[PDB]
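J.: Sharing a structure, written as structure tokens. Questions coming.
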There are 4 protein chains.
Amino acid sequence: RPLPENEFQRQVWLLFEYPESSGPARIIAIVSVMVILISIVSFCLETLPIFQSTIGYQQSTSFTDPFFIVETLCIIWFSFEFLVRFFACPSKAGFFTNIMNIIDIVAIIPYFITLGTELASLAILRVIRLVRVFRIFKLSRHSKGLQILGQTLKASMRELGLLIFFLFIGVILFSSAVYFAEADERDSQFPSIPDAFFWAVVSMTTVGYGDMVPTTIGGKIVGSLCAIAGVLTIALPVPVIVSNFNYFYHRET
Amino acid sequence: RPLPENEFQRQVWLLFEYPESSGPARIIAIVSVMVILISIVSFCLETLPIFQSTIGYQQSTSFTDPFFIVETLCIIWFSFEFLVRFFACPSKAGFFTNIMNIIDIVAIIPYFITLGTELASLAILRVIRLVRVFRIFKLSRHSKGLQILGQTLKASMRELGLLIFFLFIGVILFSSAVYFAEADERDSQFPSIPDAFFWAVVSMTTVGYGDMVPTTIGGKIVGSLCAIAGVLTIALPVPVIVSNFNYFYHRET
Amino acid sequence: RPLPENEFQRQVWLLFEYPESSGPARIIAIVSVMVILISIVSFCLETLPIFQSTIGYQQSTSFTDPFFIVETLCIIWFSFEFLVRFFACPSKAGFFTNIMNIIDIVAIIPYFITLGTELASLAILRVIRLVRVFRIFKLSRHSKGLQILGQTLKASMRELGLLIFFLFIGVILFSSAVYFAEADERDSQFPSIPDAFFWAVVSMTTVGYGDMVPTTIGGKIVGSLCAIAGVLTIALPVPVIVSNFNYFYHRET
Amino acid sequence: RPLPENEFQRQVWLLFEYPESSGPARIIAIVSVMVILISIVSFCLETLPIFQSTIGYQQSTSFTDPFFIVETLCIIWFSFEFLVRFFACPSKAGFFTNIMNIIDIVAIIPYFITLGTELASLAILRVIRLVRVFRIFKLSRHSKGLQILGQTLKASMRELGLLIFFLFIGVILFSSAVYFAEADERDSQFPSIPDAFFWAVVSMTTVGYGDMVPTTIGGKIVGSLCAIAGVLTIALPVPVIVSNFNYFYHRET
Ligand SMILES: [K+]
Ligand SMILES: [K+]
């Protein structure tokens, strides 16, 4: 809020925090959005089967890999923006409390961990690589819809918990029912109850497991009941989430 | 809210009925939830072939089966809780009227029936085994969302009946239509009308039968009509159920 | 109120039209519902491949076919009920205006046409046979939910028309798009635009065509757009239909 | 609403713009709707493989192709109507501002471009042929529901943008999750992240990819989360679109 009053720190903060403050602020916001989108495209295209061996980018002095070059450019821009915001913040105590800044730090972390490891062990490497996808959330800084979605999810945590709990109850119940209904066959597509968990989830969400359906009569009755109960139970805590989203979406206007 | 008044039955009743009454009450509630979850996990993992022919656990003096040990421990805890609640209840006349106590009683019955059978014949044994899954509802004592769902279902029995009746009407109508539309084929995937019941249910719920679709033109028109009518008819009595759920869910605050 | 004044026609009319009038009226209503359900079960079970070739029942003096016996008994009961109601109606002018009597008449018509054909070419016979399924609507006389659904459909004719028209627009648009996107393939699952009509209907209703999906990139973009647009367009006129149903359903009590 | 006032231009404009003006206006409206439907049927049936090959019509002096004859008749009627409305318009300044006239012009363009090409080279041919499908929107002139849908879409552009943006976020996130969950397999159905985009779209819309499902446990957890999140995120900005549609639909009466 309050400018630093240095006549230069306040100007930089207002340029890098309020896109509507001036023309260069809008240009910088557009550039940041373009860089984020380019980083997303590079992250998606690194996994393409046509193109290191387990990290997606090979570090070299000459920077032979084009994907490494693009990732390095994006990380350099992100680090510049984050450092400049950190230096130009009026109150640096509350800088680390904002989620929109933790998203920014967590999007730069995987690059430096990989570089440090390579300069100086496979499951953790892939875990770090998966954290790279969390930089798509940096669009929340420039998208008000994404911020509204974040507020809705924060305000509807109990509702999400109830939805997951109800789905868990239904999944276990109908998995047990469909296992015990189709247990007396030699070609049972549900060998056990855990094997029927995903079928229960898919039937309840009405995604549909394709042609893999129960073969018995009791199995088909259980499948029909599962299809009904999924619609009946998912749609109970969803309307309150939609109401919260509408409240947070029309509050901006 | 009536205390036992014995100065000793009251202490046990308040500990085992009001988790918020003290610290040990909450510890006991957490322990009970953990035991219920462990029993659920054991029930699900008994059917896994990787880790006694129709029940999933062999009762023996040596207790060789770990699953038998886990089930016995869970049943002992459930029986302890139920017996202590039954003894410490202020009014024992209304104890058996509460659904939350019938759920607790019906979750201990399958273990003792199996024990009596083993101490002293196949389909009924599997039926009793299927009843074991009803102990997942013992979480309703510790989950307010589950109690709210129970109240919603109690208050919306007419609406569930209408939903099932409408689904039955649509299923029979569209099964007849799709059987008679594709009757003049040698490779008809719908040999009869009962064979087309599950396809009708799956199309109406928009679960989707995968690649199995009518091959004729009239069959495809009937399938399109079924897909439309399922959405059109399932979504009529569901909003009132959602309204009942919202009423029972916001009535707490 | 104004009684029929016959002193005998009124007694029969009140018995066969007002189930709440007395105990025998309730017994007759229960018997009629049971007979309707038995007729429905017989109609569904005639088509089973285990159990003449174009009518489902072979007419004989001895009545060898059990299905013919059941159909004859149900038709005799329906004709008795219809004739007694027609004779005992206070105003016979408005008897044929009620839809609940046209349903009753049209459920007896297929039986006598078949009897006349047997006693005294093929497509019309199967058309008449398909008309037999309309006797499931005779439950509307004894079910208030079915009458409420009928009133809702009468009051939402424009809304159903708009839903069908919007689906037609979307189906043609997306069928053209997915044919033109996947035209340049030798293994194209969409040889023409009419062949892509049902895929468009199924994608729009989110039923899902299984594993048959466009193989190109533009085809997959068109499929994603179809999946979005179906949800977005079916859900526009459905809420007004739901509102009409709620109005006709809460007005009952 | 002001007539041309020429006593002949006004008469033509009122005949060709207000169907309720007289009987001939209604006859002309019915004829125009029939011609539009005939053109749509011809466009759909041109692609049928039973019947040059990359343009949809072969030009000859004798007009051998029946489809060319039908398309030429439809285009002649459309051009006559458009020219007569352009000549009979009261104010030609606002003629090009109405969307219902731009739709009319674009639906006639592909025929004249193609004719000029043949009388006096592959991808843009597909583009032009795809543009032919826009003549289905000429029904908006005669259908009030289509105009209401157009108003709803114009008034809900931000909501559509949010829906597409949320879809893109979810698709990228869940495609990355399901690629990295099923990366350590030799039979991985998701070779890369772009190859898993359409699976994510189909799962989120609950269309269902048939029997193609993740084989790992983490893959199935990601699939279940995708199925939940699709329902949870598509249904947030859709209710506001439905509200806009209801506002534009009940405003007539
Ligand atoms: K589906
Ligand atoms: K679905």
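Starting from 1 in every chain, residues are counted up; chains themselves are A, B, ... following the order of the structure tokens, and ligands are numbered from 1 as listed.
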Compile a residue-level contact table for chain A against ligand 2 at a cut-off of 10 Å, reporting for every qualifying residue the shortest atom pair and its distance in Å to one decimal, with only C-alpha atoms and all ligand atoms counted, rows ordered by chain and ascending number, as a tab-separated table.
T.:
```
residue	atom	partner	partner_atom_place_in_ligand_line	distance
A:202	CA	ligand 2	1 (K)	9.5
A:203	CA	ligand 2	1 (K)	9.0
A:204	CA	ligand 2	1 (K)	9.6
A:205	CA	ligand 2	1 (K)	7.2
A:206	CA	ligand 2	1 (K)	4.4
A:207	CA	ligand 2	1 (K)	4.9
A:208	CA	ligand 2	1 (K)	6.8
A:227	CA	ligand 2	1 (K)	9.9
A:231	CA	ligand 2	1 (K)	9.8
```
J.: After superposing chain C onto chain D (least squares, all C-alpha atoms, pairing by order), export the transformed chain as an mmCIF file with C-alpha atoms, in the first residue's frame.
T.:
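Saved the output as out-v1.cif:
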```cif
data_model
loop_
_atom_site.group_PDB
_atom_site.id
_atom_site.type_symbol
_atom_site.label_atom_id
_atom_site.label_comp_id
_atom_site.auth_asym_id
_atom_site.auth_seq_id
_atom_site.Cartn_x
_atom_site.Cartn_y
_atom_site.Cartn_z
ATOM 1 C CA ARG C 1 -44.433 5.316 -36.985
ATOM 2 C CA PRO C 2 -42.184 6.848 -39.659
ATOM 3 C CA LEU C 3 -42.793 4.909 -42.857
ATOM 4 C CA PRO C 4 -40.054 4.512 -45.489
ATOM 5 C CA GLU C 5 -42.134 6.869 -47.687
ATOM 6 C CA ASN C 6 -41.352 4.968 -50.905
ATOM 7 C CA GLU C 7 -44.823 3.356 -50.968
ATOM 8 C CA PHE C 8 -43.133 0.329 -52.536
ATOM 9 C CA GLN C 9 -39.918 -0.172 -50.553
ATOM 10 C CA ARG C 10 -41.958 -0.272 -47.343
ATOM 11 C CA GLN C 11 -44.235 -2.986 -48.739
ATOM 12 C CA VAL C 12 -41.306 -5.240 -49.667
ATOM 13 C CA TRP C 13 -39.470 -4.538 -46.403
ATOM 14 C CA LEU C 14 -42.513 -5.362 -44.278
ATOM 15 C CA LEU C 15 -42.995 -8.564 -46.276
ATOM 16 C CA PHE C 16 -39.375 -9.738 -46.008
ATOM 17 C CA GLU C 17 -38.676 -8.580 -42.433
ATOM 18 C CA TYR C 18 -41.949 -8.872 -40.449
ATOM 19 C CA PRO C 19 -43.448 -12.366 -40.811
ATOM 20 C CA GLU C 20 -46.393 -11.358 -38.596
ATOM 21 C CA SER C 21 -47.320 -8.508 -40.959
ATOM 22 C CA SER C 22 -49.592 -10.565 -43.238
ATOM 23 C CA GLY C 23 -50.288 -14.028 -44.619
ATOM 24 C CA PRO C 24 -47.786 -13.783 -47.477
ATOM 25 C CA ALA C 25 -45.123 -12.767 -44.952
ATOM 26 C CA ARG C 26 -45.762 -15.964 -42.985
ATOM 27 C CA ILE C 27 -45.674 -18.018 -46.191
ATOM 28 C CA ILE C 28 -42.350 -16.434 -47.171
ATOM 29 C CA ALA C 29 -40.913 -17.098 -43.707
ATOM 30 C CA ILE C 30 -41.995 -20.751 -43.872
ATOM 31 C CA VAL C 31 -40.494 -21.080 -47.356
ATOM 32 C CA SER C 32 -37.218 -19.540 -46.180
ATOM 33 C CA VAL C 33 -37.019 -21.911 -43.207
ATOM 34 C CA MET C 34 -37.721 -24.881 -45.482
ATOM 35 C CA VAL C 35 -35.030 -23.753 -47.934
ATOM 36 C CA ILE C 36 -32.519 -23.347 -45.099
ATOM 37 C CA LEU C 37 -33.314 -26.849 -43.834
ATOM 38 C CA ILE C 38 -33.017 -28.291 -47.353
ATOM 39 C CA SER C 39 -29.634 -26.602 -47.776
ATOM 40 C CA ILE C 40 -28.503 -28.055 -44.439
ATOM 41 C CA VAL C 41 -29.643 -31.541 -45.472
ATOM 42 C CA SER C 42 -27.862 -31.223 -48.822
ATOM 43 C CA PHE C 43 -24.664 -30.056 -47.121
ATOM 44 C CA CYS C 44 -24.761 -33.021 -44.743
ATOM 45 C CA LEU C 45 -25.583 -35.525 -47.504
ATOM 46 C CA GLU C 46 -22.862 -34.324 -49.889
ATOM 47 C CA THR C 47 -20.230 -35.883 -47.612
ATOM 48 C CA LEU C 48 -21.815 -39.347 -47.690
ATOM 49 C CA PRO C 49 -19.338 -41.864 -49.185
ATOM 50 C CA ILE C 50 -21.985 -43.348 -51.508
ATOM 51 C CA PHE C 51 -22.388 -40.114 -53.489
ATOM 52 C CA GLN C 52 -16.495 -33.394 -56.376
ATOM 53 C CA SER C 53 -13.550 -34.585 -54.274
ATOM 54 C CA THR C 54 -12.644 -31.381 -52.404
ATOM 55 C CA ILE C 55 -15.744 -29.179 -52.856
ATOM 56 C CA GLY C 56 -18.726 -31.575 -52.825
ATOM 57 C CA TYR C 57 -20.158 -30.378 -56.147
ATOM 58 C CA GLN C 58 -18.859 -30.448 -59.718
ATOM 59 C CA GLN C 59 -19.691 -27.318 -61.715
ATOM 60 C CA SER C 60 -21.159 -28.028 -65.149
ATOM 61 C CA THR C 61 -23.290 -26.150 -67.658
ATOM 62 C CA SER C 62 -25.867 -28.957 -67.756
ATOM 63 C CA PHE C 63 -25.812 -29.236 -63.928
ATOM 64 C CA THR C 64 -25.411 -33.007 -63.837
ATOM 65 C CA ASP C 65 -24.849 -33.207 -60.082
ATOM 66 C CA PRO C 66 -28.134 -33.123 -58.123
ATOM 67 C CA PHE C 67 -26.267 -31.758 -55.107
ATOM 68 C CA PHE C 68 -24.914 -28.923 -57.243
ATOM 69 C CA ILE C 69 -28.475 -28.203 -58.399
ATOM 70 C CA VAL C 70 -29.752 -28.065 -54.814
ATOM 71 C CA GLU C 71 -26.840 -25.893 -53.680
ATOM 72 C CA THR C 72 -27.361 -23.519 -56.608
ATOM 73 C CA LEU C 73 -31.090 -23.221 -55.893
ATOM 74 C CA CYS C 74 -30.469 -22.542 -52.203
ATOM 75 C CA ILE C 75 -27.769 -19.971 -52.984
ATOM 76 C CA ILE C 76 -30.052 -18.287 -55.527
ATOM 77 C CA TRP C 77 -32.805 -18.021 -52.917
ATOM 78 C CA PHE C 78 -30.363 -16.695 -50.308
ATOM 79 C CA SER C 79 -28.954 -14.106 -52.717
ATOM 80 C CA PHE C 80 -32.448 -13.019 -53.762
ATOM 81 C CA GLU C 81 -33.533 -12.584 -50.145
ATOM 82 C CA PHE C 82 -30.340 -10.744 -49.205
ATOM 83 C CA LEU C 83 -30.479 -8.407 -52.212
ATOM 84 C CA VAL C 84 -34.163 -7.592 -51.719
ATOM 85 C CA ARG C 85 -33.628 -6.877 -48.024
ATOM 86 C CA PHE C 86 -30.578 -4.734 -48.824
ATOM 87 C CA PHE C 87 -32.559 -2.717 -51.377
ATOM 88 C CA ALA C 88 -35.656 -2.417 -49.167
ATOM 89 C CA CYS C 89 -33.842 -1.533 -45.938
ATOM 90 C CA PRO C 90 -34.954 1.820 -44.469
ATOM 91 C CA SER C 91 -31.451 2.671 -43.202
ATOM 92 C CA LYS C 92 -28.715 1.038 -45.276
ATOM 93 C CA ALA C 93 -26.025 2.344 -42.906
ATOM 94 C CA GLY C 94 -26.977 -0.075 -40.126
ATOM 95 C CA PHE C 95 -27.655 -3.009 -42.454
ATOM 96 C CA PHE C 96 -24.072 -4.289 -42.247
ATOM 97 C CA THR C 97 -23.875 -3.764 -38.476
ATOM 98 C CA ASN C 98 -26.511 -6.405 -37.687
ATOM 99 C CA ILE C 99 -25.018 -9.831 -36.990
ATOM 100 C CA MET C 100 -28.078 -11.450 -38.605
ATOM 101 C CA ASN C 101 -26.968 -9.929 -41.938
ATOM 102 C CA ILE C 102 -23.287 -10.830 -41.593
ATOM 103 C CA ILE C 103 -24.482 -14.404 -41.059
ATOM 104 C CA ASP C 104 -26.542 -14.156 -44.255
ATOM 105 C CA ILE C 105 -23.629 -12.711 -46.256
ATOM 106 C CA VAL C 106 -21.106 -15.249 -44.939
ATOM 107 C CA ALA C 107 -23.450 -18.092 -45.921
ATOM 108 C CA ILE C 108 -23.373 -17.043 -49.597
ATOM 109 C CA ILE C 109 -19.663 -16.222 -49.734
ATOM 110 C CA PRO C 110 -18.306 -19.826 -49.903
ATOM 111 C CA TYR C 111 -20.399 -20.607 -52.983
ATOM 112 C CA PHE C 112 -19.016 -17.770 -55.106
ATOM 113 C CA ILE C 113 -15.400 -18.375 -54.067
ATOM 114 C CA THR C 114 -15.778 -21.996 -55.166
ATOM 115 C CA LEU C 115 -17.374 -20.899 -58.445
ATOM 116 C CA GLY C 116 -14.514 -18.497 -59.125
ATOM 117 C CA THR C 117 -11.917 -21.151 -58.318
ATOM 118 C CA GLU C 118 -13.621 -23.652 -60.628
ATOM 119 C CA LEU C 119 -14.087 -21.204 -63.512
ATOM 120 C CA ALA C 120 -10.727 -19.423 -63.224
ATOM 121 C CA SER C 121 -4.306 -24.513 -52.730
ATOM 122 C CA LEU C 122 -6.167 -27.400 -51.084
ATOM 123 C CA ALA C 123 -6.213 -26.638 -47.350
ATOM 124 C CA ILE C 124 -7.831 -23.238 -47.931
ATOM 125 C CA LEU C 125 -10.439 -24.922 -50.138
ATOM 126 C CA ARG C 126 -11.428 -27.258 -47.301
ATOM 127 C CA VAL C 127 -11.393 -24.281 -44.919
ATOM 128 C CA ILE C 128 -13.876 -22.487 -47.179
ATOM 129 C CA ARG C 129 -15.924 -25.688 -47.345
ATOM 130 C CA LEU C 130 -16.058 -25.875 -43.542
ATOM 131 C CA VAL C 131 -17.273 -22.257 -43.491
ATOM 132 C CA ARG C 132 -20.374 -23.469 -45.354
ATOM 133 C CA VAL C 133 -21.685 -24.990 -42.112
ATOM 134 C CA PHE C 134 -22.319 -21.490 -40.745
ATOM 135 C CA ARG C 135 -25.552 -21.239 -42.755
ATOM 136 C CA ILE C 136 -27.303 -23.230 -40.021
ATOM 137 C CA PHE C 137 -27.174 -19.961 -38.057
ATOM 138 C CA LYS C 138 -29.565 -18.436 -40.600
ATOM 139 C CA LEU C 139 -32.294 -20.151 -38.572
ATOM 140 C CA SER C 140 -31.627 -17.523 -35.894
ATOM 141 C CA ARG C 141 -33.548 -15.059 -38.062
ATOM 142 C CA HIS C 142 -36.668 -17.225 -37.665
ATOM 143 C CA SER C 143 -36.000 -18.761 -34.223
ATOM 144 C CA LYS C 144 -36.289 -16.707 -31.042
ATOM 145 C CA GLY C 145 -34.527 -19.361 -28.967
ATOM 146 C CA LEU C 146 -31.431 -19.073 -31.142
ATOM 147 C CA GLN C 147 -31.452 -15.283 -30.772
ATOM 148 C CA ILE C 148 -31.790 -15.694 -27.001
ATOM 149 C CA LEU C 149 -28.807 -18.056 -27.047
ATOM 150 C CA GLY C 150 -26.831 -15.487 -29.027
ATOM 151 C CA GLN C 151 -27.673 -12.758 -26.522
ATOM 152 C CA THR C 152 -26.706 -15.081 -23.663
ATOM 153 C CA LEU C 153 -23.343 -15.844 -25.263
ATOM 154 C CA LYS C 154 -22.740 -12.134 -25.887
ATOM 155 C CA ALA C 155 -23.513 -11.325 -22.246
ATOM 156 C CA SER C 156 -21.443 -14.250 -20.902
ATOM 157 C CA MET C 157 -18.158 -13.761 -22.776
ATOM 158 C CA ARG C 158 -16.158 -13.344 -19.551
ATOM 159 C CA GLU C 159 -17.837 -16.436 -18.114
ATOM 160 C CA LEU C 160 -16.971 -18.544 -21.166
ATOM 161 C CA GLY C 161 -13.420 -17.233 -20.972
ATOM 162 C CA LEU C 162 -13.185 -18.236 -17.316
ATOM 163 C CA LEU C 163 -14.611 -21.677 -18.083
ATOM 164 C CA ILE C 164 -12.045 -22.263 -20.837
ATOM 165 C CA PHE C 165 -9.213 -20.902 -18.679
ATOM 166 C CA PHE C 166 -10.159 -23.102 -15.713
ATOM 167 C CA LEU C 167 -10.392 -26.120 -18.003
ATOM 168 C CA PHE C 168 -6.946 -25.286 -19.399
ATOM 169 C CA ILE C 169 -5.465 -25.017 -15.897
ATOM 170 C CA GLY C 170 -7.001 -28.308 -14.803
ATOM 171 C CA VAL C 171 -6.063 -30.090 -18.021
ATOM 172 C CA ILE C 172 -2.411 -29.101 -17.800
ATOM 173 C CA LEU C 173 -2.202 -29.882 -14.078
ATOM 174 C CA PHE C 174 -3.802 -33.321 -14.332
ATOM 175 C CA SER C 175 -2.011 -34.193 -17.578
ATOM 176 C CA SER C 176 1.308 -33.510 -15.862
ATOM 177 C CA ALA C 177 0.227 -35.499 -12.806
ATOM 178 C CA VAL C 178 -0.934 -38.518 -14.817
ATOM 179 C CA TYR C 179 2.140 -38.474 -17.061
ATOM 180 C CA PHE C 180 4.457 -38.423 -14.055
ATOM 181 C CA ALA C 181 2.449 -41.072 -12.195
ATOM 182 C CA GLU C 182 2.464 -43.476 -15.170
ATOM 183 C CA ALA C 183 5.859 -42.574 -16.657
ATOM 184 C CA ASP C 184 7.701 -45.731 -15.572
ATOM 185 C CA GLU C 185 5.896 -48.209 -17.840
ATOM 186 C CA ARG C 186 6.807 -49.736 -21.185
ATOM 187 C CA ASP C 187 3.138 -49.859 -22.269
ATOM 188 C CA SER C 188 2.247 -46.363 -21.046
ATOM 189 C CA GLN C 189 -0.864 -45.087 -22.813
ATOM 190 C CA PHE C 190 0.387 -41.541 -22.045
ATOM 191 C CA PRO C 191 3.762 -41.271 -23.831
ATOM 192 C CA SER C 192 4.002 -37.541 -23.053
ATOM 193 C CA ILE C 193 2.044 -34.685 -21.484
ATOM 194 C CA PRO C 194 0.388 -33.429 -24.716
ATOM 195 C CA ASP C 195 -0.771 -37.001 -25.355
ATOM 196 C CA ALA C 196 -2.551 -36.817 -21.980
ATOM 197 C CA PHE C 197 -4.302 -33.510 -22.735
ATOM 198 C CA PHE C 198 -7.376 -35.045 -24.365
ATOM 199 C CA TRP C 199 -7.668 -37.703 -21.664
ATOM 200 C CA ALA C 200 -7.693 -34.891 -19.099
ATOM 201 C CA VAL C 201 -10.354 -32.959 -21.022
ATOM 202 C CA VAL C 202 -12.515 -36.062 -21.382
ATOM 203 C CA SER C 203 -12.183 -37.041 -17.715
ATOM 204 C CA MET C 204 -12.916 -33.495 -16.533
ATOM 205 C CA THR C 205 -16.086 -33.251 -18.635
ATOM 206 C CA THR C 206 -17.014 -36.785 -17.462
ATOM 207 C CA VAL C 207 -17.263 -37.906 -21.068
ATOM 208 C CA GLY C 208 -15.027 -40.872 -20.250
ATOM 209 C CA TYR C 209 -12.140 -42.249 -22.307
ATOM 210 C CA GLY C 210 -13.589 -45.756 -22.349
ATOM 211 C CA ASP C 211 -11.321 -48.512 -21.084
ATOM 212 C CA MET C 212 -8.089 -46.507 -21.480
ATOM 213 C CA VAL C 213 -7.308 -45.763 -17.835
ATOM 214 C CA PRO C 214 -4.073 -45.367 -15.834
ATOM 215 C CA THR C 215 -2.595 -48.702 -14.807
ATOM 216 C CA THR C 216 -0.670 -47.584 -11.709
ATOM 217 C CA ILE C 217 -2.133 -46.684 -8.312
ATOM 218 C CA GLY C 218 -0.958 -43.076 -8.383
ATOM 219 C CA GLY C 219 -2.326 -42.852 -11.905
ATOM 220 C CA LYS C 220 -5.741 -44.010 -10.720
ATOM 221 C CA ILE C 221 -5.662 -41.560 -7.806
ATOM 222 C CA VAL C 222 -4.885 -38.792 -10.304
ATOM 223 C CA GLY C 223 -7.729 -40.000 -12.523
ATOM 224 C CA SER C 224 -10.180 -39.928 -9.620
ATOM 225 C CA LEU C 225 -9.013 -36.430 -8.695
ATOM 226 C CA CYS C 226 -9.461 -35.361 -12.323
ATOM 227 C CA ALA C 227 -12.998 -36.752 -12.424
ATOM 228 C CA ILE C 228 -13.893 -34.863 -9.243
ATOM 229 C CA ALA C 229 -12.189 -31.612 -10.237
ATOM 230 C CA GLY C 230 -13.820 -31.481 -13.657
ATOM 231 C CA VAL C 231 -17.298 -31.585 -12.134
ATOM 232 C CA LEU C 232 -16.223 -29.137 -9.435
ATOM 233 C CA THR C 233 -14.662 -26.608 -11.852
ATOM 234 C CA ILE C 234 -16.956 -26.725 -14.892
ATOM 235 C CA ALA C 235 -19.986 -26.191 -12.633
ATOM 236 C CA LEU C 236 -18.669 -22.934 -11.143
ATOM 237 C CA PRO C 237 -19.122 -20.458 -14.054
ATOM 238 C CA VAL C 238 -21.970 -22.385 -15.758
ATOM 239 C CA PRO C 239 -24.671 -21.241 -13.270
ATOM 240 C CA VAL C 240 -24.037 -17.572 -14.079
ATOM 241 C CA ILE C 241 -24.405 -18.381 -17.785
ATOM 242 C CA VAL C 242 -27.670 -20.165 -16.977
ATOM 243 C CA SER C 243 -28.827 -17.104 -15.034
ATOM 244 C CA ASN C 244 -28.036 -14.853 -18.001
ATOM 245 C CA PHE C 245 -29.923 -17.226 -20.299
ATOM 246 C CA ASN C 246 -32.932 -17.195 -17.972
ATOM 247 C CA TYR C 247 -32.854 -13.393 -17.860
ATOM 248 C CA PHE C 248 -32.794 -13.190 -21.662
ATOM 249 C CA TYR C 249 -35.410 -15.955 -21.998
ATOM 250 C CA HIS C 250 -38.062 -14.741 -19.535
ATOM 251 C CA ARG C 251 -37.665 -11.168 -20.797
ATOM 252 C CA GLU C 252 -39.172 -12.290 -24.112
ATOM 253 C CA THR C 253 -42.609 -12.791 -22.536
#
```
J.: Report the residues of range 43-113 of chain A whose backbone DSSP state falls under alpha helix (DSSP H), written as a VMD selection string.
T.: chain A and resid 43 to 46 66 to 88 99 to 106 109 to 113
